[PDB]
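Novice: As a preliminary step, the opening chains of the complex are given here in situ:
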Amino acid sequence: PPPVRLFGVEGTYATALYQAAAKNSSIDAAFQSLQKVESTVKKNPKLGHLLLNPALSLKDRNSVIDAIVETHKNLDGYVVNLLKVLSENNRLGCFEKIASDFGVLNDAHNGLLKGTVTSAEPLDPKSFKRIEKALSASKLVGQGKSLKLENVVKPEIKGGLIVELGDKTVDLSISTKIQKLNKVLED
Amino acid sequence: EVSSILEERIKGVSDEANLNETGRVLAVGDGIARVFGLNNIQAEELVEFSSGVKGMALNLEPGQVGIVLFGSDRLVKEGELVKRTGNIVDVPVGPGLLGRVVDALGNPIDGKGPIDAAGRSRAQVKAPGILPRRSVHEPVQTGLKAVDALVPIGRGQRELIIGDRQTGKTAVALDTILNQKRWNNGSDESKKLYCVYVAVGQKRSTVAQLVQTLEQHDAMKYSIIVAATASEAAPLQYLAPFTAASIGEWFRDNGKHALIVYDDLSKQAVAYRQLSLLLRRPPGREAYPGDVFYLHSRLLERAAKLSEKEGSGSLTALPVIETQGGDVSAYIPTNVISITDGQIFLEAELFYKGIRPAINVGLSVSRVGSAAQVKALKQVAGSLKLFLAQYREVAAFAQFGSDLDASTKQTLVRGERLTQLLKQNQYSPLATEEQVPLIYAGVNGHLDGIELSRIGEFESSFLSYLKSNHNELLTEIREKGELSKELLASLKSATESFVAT
Amino acid sequence: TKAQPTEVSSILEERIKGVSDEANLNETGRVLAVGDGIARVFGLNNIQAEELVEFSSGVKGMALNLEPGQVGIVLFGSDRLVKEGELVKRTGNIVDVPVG
Amino acid sequence: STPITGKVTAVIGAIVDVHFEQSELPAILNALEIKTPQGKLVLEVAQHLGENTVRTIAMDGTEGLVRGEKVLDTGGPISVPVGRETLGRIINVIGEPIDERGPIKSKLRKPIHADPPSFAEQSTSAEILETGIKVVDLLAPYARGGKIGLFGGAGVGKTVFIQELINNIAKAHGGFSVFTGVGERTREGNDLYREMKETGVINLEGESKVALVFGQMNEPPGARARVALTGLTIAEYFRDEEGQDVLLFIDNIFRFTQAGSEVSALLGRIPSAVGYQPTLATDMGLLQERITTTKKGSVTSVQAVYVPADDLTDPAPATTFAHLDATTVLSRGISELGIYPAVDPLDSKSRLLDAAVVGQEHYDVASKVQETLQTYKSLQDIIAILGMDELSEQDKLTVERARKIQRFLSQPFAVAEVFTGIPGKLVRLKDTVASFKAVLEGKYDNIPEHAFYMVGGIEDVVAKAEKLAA
């Protein structure tokens, strides 16, 4: 069964690819090869960026696919069928979209989570580590489900910090506390 | 003083804990946001946008949960986080809302200091069943003679005020509120009505004048004024009748009897129209979403006369529907007509004709209730209706150059006087005890002879005369509420005495 | 983007699995979704327009729309026992009634 | 139980879509129950949209639902309780005792859906039903096992008309009755519950000769649609399985039409003419066809219809106009004339009026009446401008007779002793034919016009003539 539905469109494509290759039990290989073909698509810069946008036939599109699978042997067989589908649907524009989505599904299979501790300033490494530790200590990180912690700088939340991951947040920024303080003193 | 209060307010801010659920705004604008996340989420929940905006949630989609803002767009921005309030929409409800103007949320917009609320309630509450009801046995008389006699209003009952916009449309309702001062001044809780005037879609200036008028007639001291001014959000406007309703339910629950004016209910429909069209629901007839009927029906059926077991607490309703073009064939008026228990059509032509009230009695009915009026007044106005109906028929016949016979002109002459008798100036409620005499005189044709011009003079003077001599008689009408033989005779003699002089 | 039964995940997963066609879309059909008495069938490539088709629910239908990705059958009976993935045999006979 | 579990995917009003898991997909027209602190929310499966997602319609308010909420499937169309243990209690949309009569059901339940009996099943009828209401008896006689149809507009005292029928006909009839209210007020509800307790039809001691199924307008549009089906199945159980004569009463079928129109839009069906559902004809048809007197019991249905703003050209009344056997129009004008019954005589047509069915005499009397009334209406314009001048003396006598007849049709209702005060008259059908015959002959042209007004039979008319004479 799906590793929890991602989007409705394009991630239905990813979901299908995923569940089909999950039952083939060859997801890491598929993902890696998809990364590799994605890399050689990107590293074909003219007409591997500028022929992601349709402008040519079904038959000509198919021959672009054929050149792509000529570029490296092996690409699973499920992602070789995925290329067929995309050629038939004449949409390579959402190819890297599917790649990213398949990546999300893949790293969901890994259980590798991504988080963020948004601040309005670059944060200490001690804070990064202590929070990563804290998050692992808590059941917020599943354990078997990994974590990345990304500080981003956003002046938006003036000072403070907000820890974010999953659908669980704790927001102890200064801007938000000020918002409530101001508001309560607007009474 | 002010320092101590401020110190209390700051002191009342302190600490917090981990906020469950988040989601990031994406597309947003119009007043309708769509956020990604919020996997757990109750429907109709209130969700706090990090901008400061609070928004109810009307669409839960397997994509992007659609949270309708109750605040300005400008505050909101892309990728903001929203953290769920965790409460389905709810209102503070209490006694303190008496003597308060409050906005939809329930904050005083007259700023007479924060409300004293005895509870909170939920904005969507389903109508009381068949089981908790009693049949309407308690009149509520508006003090407008045409209304009391012709379209009797009883507690519980939903009675629809319908007619062309702001042709004193508000004023008809305000008169009712003013006559409910008479009971208010009095005693016995169940013989008192508290009054909730709900103002949706009206300009701040009209509303401000209205609250001023209520303070002027010193009828502000038992009113709740729920307001959603014209500027205010279409979502807040949609929510506004339903949050008024809950405040009313607090009375209903208390066993208290009260009356809720939903003016204009028509503006709720406009609000729901907007709301739906920016939630991109398929638009119904005339672009009002089809479940507008459902919306209005669920709202209106919450007012009821409860069972004796359930404390009798009668919330009474008066919807007010603006009739654009005066054609009720429009989808929203048609819908409302079915829902309501009576219709009180007002006609513009009759306003111009100088019948003020301008209520067209041919189109006005109270389809249920007749123990919704005073027994005395029922007896006297027994043939008031018949005479008026005959007057209407005869007058119709008279048109197009038909030379009337004397018998028809007896009716016509009698009929004309009744019409003059009905008229009442805006903001001039009357006491029912002194409306019974006036109708007695008219129906017993004592005014038929009296010259058309000086009918108003007769009315004024007659009342003065009854105040002078037969003030004993008036006291009895108040006390017994059905005319006895003695009263009928006394009244007959008195009326006869005043025909000349 | 375009709506085609390549969107339909069960169809799509099979296509990815290198399983397709082959007397599934001959005359042979399979319901994708049935709502409103308007079954939308993937297959029936041999269908003649407005032709009578017999479901495995047994309901008979006609095919007014030969949409480029589905054949929009109109069911002549209730949806009570009609549900997704129904095999749809193609009766192969244009609307005809006994005459005599 | 089968693990047919779906997680809600979209709460968008009444429409709630569910995502059942692979290989366990429900069937269209199944019934889903979702455990909630609101008891069990019932969702009726109404479409498959493929990909293991159904789009279902709610039977209860969709506020406070959770996106992803586990949904058990009880399968097939909602199964109500049936019996003679359904006699005398208020049964809600999903069947629950909304009068706290505790467990309802005899030994059986039945589905809300049922198929309409086939052509072969149909068995012709042509009986007679005397209502005592003079206008009905003379100018449009009903027939037992019929499909009587009370077309009228808003607030034609629609309930009041029906109440008179219940007061007389129901108590009189041995058959069970079912009073089903689709989208009617709880004000009306409390009155009806009380009133029929009083008339004893609902005997709170012994068995009630009537059942109640009150569906009210406060119930969601989805629930409003399936109030009708529930009531219908109770009637079917009586009709078929108990074999009994029934005397069904349903209210108001515009609410059924309207309800279907509303959820049509929500179901995503592109609106048809005057915003009604494109499935209008067939949805009506399924209800109407289901109700019929076959080889099994005789359902004597009286079906209320609300004609929005008295516009009969509107498709919703007009479509219903065909489907009912014995149409009656209760017009505003006639109400305004003060005539209660408000029946508009020239606009009330019945297939049961014939010179064979009720015989030549009945027919002939009524034919003369119809012509007389039509003459009065045609002449009204002449009277308006020309007046009594170049209008015949003979015509004037006919006009005078029509005014007498118009008010001879006026006779009070017993259930309008509270909506009037004069007690109604159940005047025997044969007696009415005779009494009206007398009028036409002009045998009572010495009787005041107002001495025909709001009184019973000829004996009463004479008595009121004397009363007025004094």
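Specialist: On my side now, so go ahead. Numbers count the residues shown, from 1 in each chain, chains lettered A, B, ... in the order given.

Novice: Contact partners for residue 98?
Specialist: Just going to use chain A. Listed by CB atoms under 8 Å, 6 or more residues apart in numbering or on different chains, the contact partners of residue A:98 are A:10, A:11, A:13, A:14, A:17, A:82, A:86. Heads up, the C-betas are built off the backbone N, CA and C, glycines and all.

Novice: To clarify, I was referring to chain D.
Specialist: Contacts for residue D:98 (CB under 8 Å, 6+ apart) come out as B:129, B:130, B:131, D:90, D:91, D:92, D:214.

Novice: State the distance from it to residue D:181.
Specialist: Taking CB to CB, to the nearest Å as the measure, residue D:98 falls 12 Å from residue D:181.

Novice: Angles on the backbone of residue D:395, please.
Specialist: phi -60, psi -40 (degrees, to the nearest 10).

Novice: how long is stretch B:322-342 from one end to the other?
Specialist: 16 Å (CA to CA, to the nearest Å).

Novice: Pull out the buried residues from it.
Specialist: B:322-323, B:326, B:328, B:330-342 (16 or more other CB atoms under 10 Å in any protein chain shown).

Novice: Stretch B:164-178 now?
Specialist: B:164-165, B:167-170, B:172-178.

Novice: Okay, and which of those residues map to helices?
Specialist: B:169, B:170, B:172, B:173, B:174, B:175, B:176, B:177, B:178 (DSSP state H).

Novice: Can you name the residues that contact the fifth one?
Specialist: Under the criterion of CB under 8 Å, 6+ apart, the contact partners of residue B:174 comprise B:197, B:210, B:213, B:214, B:427.

Novice: which of those lies closest to residue D:246?
Specialist: Residue D:246 has its nearest neighbour among those in residue B:197, at 49.3 Å by CB to CB.

Novice: if we can go back for a sec, what is in contact with residue D:98 and residue D:181 at once?
Specialist: residue D:214.

Novice: Kindly report the residues of chain C close to chain A.
Specialist: Counting by CB under 8 Å from any CB of the partner chain, the residues of chain C close to chain A are C:1, C:2, C:4, C:6, C:7, C:9, C:12, C:13, C:15, C:16, C:17, C:18.

Novice: quick one: which of those has the most company?
Specialist: When neighbours are counted by other CB atoms under 10 Å in any protein chain shown, residue C:16 leads the residues of chain C next to chain A with 25 neighbours.

Novice: Chain E next, sequence below:
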Amino acid sequence: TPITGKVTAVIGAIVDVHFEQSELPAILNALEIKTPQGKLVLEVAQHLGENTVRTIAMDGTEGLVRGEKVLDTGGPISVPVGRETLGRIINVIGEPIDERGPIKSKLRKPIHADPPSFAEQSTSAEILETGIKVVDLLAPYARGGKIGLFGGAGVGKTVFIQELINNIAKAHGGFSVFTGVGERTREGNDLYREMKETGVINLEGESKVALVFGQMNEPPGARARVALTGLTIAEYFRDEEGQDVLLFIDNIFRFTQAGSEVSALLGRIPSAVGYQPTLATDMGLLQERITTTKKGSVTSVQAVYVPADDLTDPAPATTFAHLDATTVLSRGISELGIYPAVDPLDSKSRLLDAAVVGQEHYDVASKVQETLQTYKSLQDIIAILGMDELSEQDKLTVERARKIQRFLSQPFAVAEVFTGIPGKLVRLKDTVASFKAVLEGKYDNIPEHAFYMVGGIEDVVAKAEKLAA
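Specialist: Let me put chain E in with the others:
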């Protein structure tokens, strides 16, 4: 750092920009795209997310190359205000369109602002005399009020207003704002000249009027935010200068109409008769930011160009909600030749009351309404049969009403040029007397022709002598 973007789309005058950096836009911000035609000002109106705004563009969008550099100027468009607004006619941005060079300013204020609070409201009703008999008689205006006109298609919608400007605003000393949304340019130049001539604009001196003028040529989007610009100028006078203002708006139908144009392009499923589904909110915001508060009493005058001459259309309908007086003027009464063309049974004011203009005025008005209502009632009979076939008692009423109808036409001073008939400004005190006399039938004894197009009752008498010759 510069919130640069490229123009992803140019779908009509609803350009969409795609901001590169993840620095956020904000709704109702303003953006400057520098063009070789000078800058173009756009206003962020939707966020479509993923750093793609969709922006209303005030001025024309011709020439734009898809992928055009943007810079975000931040926040709504900022007008320039001061006493220097007075005696200047300004573009939406605020640049002098009368080319009177740089407008020195103290405060530059955002076009958008929030409606003042319910608490701040203050209500009053000081009877303003217009010197127009029909206005005074039927529905007198009052200070701080919101006055309303529902003039038909080119019924001299502007002309009615011009007479009012000529009378009331020269009798007002405080500040006054003229805002003309999508008005015909040539008429605007005439107005500008007339104001300069009548010294209300004195370019050498100071002007007690300021003006914002929006040509009917101008692109729809500009016209949409012309109102908000003017509304700010009014707020500056109301608030910051404190002085009692006046405001004239013509046509607020253009405000609605413009909105209807943009909405579809914006991405909205439109409501009936094509009207924007945001009609109620937009109208609401505009009309609640115009109000008499403790800060200042702003008498406002709003003109509605009734579209297709149907007043049941949703745009007129929502206007009726937000006014304290209305004086619907209709094409039919214009066709009858009655100038002014105000419908006498379709005028109302909350300022007509027996406790306002006194019992005598109210009584006078009652009779006027009754007579006219009768007169309208007998229009059928009058046509079908002869007027002699009318009942004799009624025939007197009809004759009186026929006179009343003619009497109500009063020559106007700005119309005096066009009609050729010298204008008449009749005192309010005079008006009550004049109609009172007619109601007592005193001067009902002389022709309808005498009553037609003349001033006071005395003038009718003199005109009877003239007519007699």
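
Novice: same question on the buried residues of stretch B:322-342, but now with chain E added
Specialist: Quick answer for stretch B:322-342 (16+ other CB under 10 Å): B:322-324, B:326, B:328, B:330-342.

Novice: again with stretch C:53-64
Specialist: For stretch C:53-64, burial by neighbour count (16+ other CB under 10 Å) applies to C:53, C:54, C:55, C:57, C:59, C:61, C:62, C:63.

Novice: Adding secondary structure and distance to residue D:141, write the residues you listed out as TSV.
Specialist: Compiled in TSV, these are given as follows (DSSP: H, G, I helix; E, B strand; the rest coil; distance: CB to CB, whole Å):
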residue	secondary structure	distance to residue D:141
C:53	strand	49
C:54	strand	48
C:55	strand	47
C:57	coil	46
C:59	coil	43
C:61	strand	45
C:62	strand	44
C:63	strand	49
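
Novice: Where does chain A get nearest to chain E, residue-wise?
Specialist: Taking CB to the nearest CB as the measure, chain A has residue A:156 as its residue closest to chain E, at 7.1 Å.

Novice: Spatially nearest residue to residue A:178, not counting backbone neighbours?
Specialist: With sequence-adjacent residues excluded and distances taken as CB to CB, 6 or more residues apart in numbering or on different chains, residue A:178 is closest to residue A:158, at 7.6 Å.

Novice: so that neighbour touches residue A:179, yeah?
Specialist: No: contact criterion CB atoms under 8 Å: residue A:158 and residue A:179 do not qualify, at 10.1 Å.

Novice: follow-up on the earlier one: which ones among the buried residues of stretch B:322-342 lie within helices?
Specialist: Among the buried residues of stretch B:322-342, the members found in helices (DSSP H) are B:331, B:332, B:333, B:334, B:335, B:336, B:337, B:338, B:339.

Novice: Please determine how far the fifth one is located from chain E.
Specialist: Right, the one you point to is residue B:335. According to CB to the nearest CB, to the nearest Å, residue B:335 and chain E sit 16 Å apart.

Novice: Then the second one?
Specialist: Using CB to the nearest CB, residue B:332 is found at 12 Å from chain E.

Novice: Name all residues that make contact with residue B:18.
Specialist: Residue B:18 makes contact with A:168, A:169, A:170, according to CB under 8 Å, 6+ apart.

Novice: For the residue of the stretch 1-150 of chain D found nearest chain E, give the beta-bridge partners.
Specialist: Closest contact between the stretch 1-150 of chain D and chain E, by CB to the nearest CB, is at residue D:12 (16.0 Å). Counting by DSSP bridges, residue D:12 is bridged to residue D:15.

Novice: put chain F onto that model:
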Amino acid sequence: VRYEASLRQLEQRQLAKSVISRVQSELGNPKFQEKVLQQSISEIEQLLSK
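Specialist: Let me add chain F to what's already shown:
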């Protein structure tokens, strides 16, 4: 009473704008830095309590 009450409100909004001034005073400081350390340890206390 009316003017007295008005004065209490007027005083409150005047002293309110002084709170805004104090907010501007707080946000300049490298308390802007030092309280972030406080938030850091506070979140450590919070999430460990989870």
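
Novice: The contacts of residue B:18 with chain F there, same question as before?
Specialist: Residues near residue B:18 by CB under 8 Å, 6+ apart: A:168, A:169, A:170, F:46, F:47, F:50.

Novice: Repeat that for residue A:84.
Specialist: Neighbouring residues of residue A:84 by CB under 8 Å, 6+ apart: A:65, C:15.

Novice: Which of the helices or strands spans it?
Specialist: helix A:78-89 (DSSP states H and E).

Novice: Distance from the chain centre to that helix, please.
Specialist: Computed by CA atoms, centre = their mean, to the nearest Å, the chain-centroid distance of helix A:78-89 equals 21 Å.

Novice: buried set for stretch D:344-361?
Specialist: Buried residues in stretch D:344-361, counted by 16+ other CB under 10 Å: D:344, D:345, D:348, D:350, D:352, D:353, D:357, D:358.

Novice: cool, stretch B:271-285 as well?
Specialist: Neighbour-count burial for stretch B:271-285 [16+ other CB under 10 Å]: B:271-279, B:281-285.

Novice: From those, list the ones also adjacent to chain D.
Specialist: Answer for the buried residues of stretch B:271-285 near chain D (CB under 8 Å from any CB): B:281, B:282, B:284, B:285.

Novice: sorry, back to before: now the contacts of residue B:18 as TSV including neighbour count, distance to residue A:25 and secondary structure?
Specialist: Shown next, in TSV, are those (neighbours: other CB atoms under 10 Å in any protein chain shown; distance: CB to CB, whole Å; DSSP: H, G, I helix; E, B strand; the rest coil):
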residue	neighbour count	distance to residue A:25	secondary structure
A:168	19	32	strand
A:169	20	36	strand
A:170	20	39	strand
F:46	17	41	helix
F:47	20	36	helix
F:50	14	35	coil
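
Novice: Let me have the residues you listed in JSON lines, extended by distance to chain D.
Specialist: Shown next, in JSON lines, are the contacts of residue B:18 (distance: CB to the nearest CB, whole Å):
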{"residue": "A:168", "distance to chain D": "17"}
{"residue": "A:169", "distance to chain D": "19"}
{"residue": "A:170", "distance to chain D": "23"}
{"residue": "F:46", "distance to chain D": "26"}
{"residue": "F:47", "distance to chain D": "26"}
{"residue": "F:50", "distance to chain D": "22"}
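
Novice: Tell me the one of these nearest residue B:395?
Specialist: Out of the contacts of residue B:18, the member with the shortest distance to residue B:395 (by CB to CB) is residue A:169, at 74.0 Å.

Novice: circling back: among the buried residues of stretch B:271-285, pick out the one closest to residue B:27, please.
Specialist: Nearest to residue B:27 among the buried residues of stretch B:271-285, counting by CB to CB, is residue B:278 at 11.7 Å.
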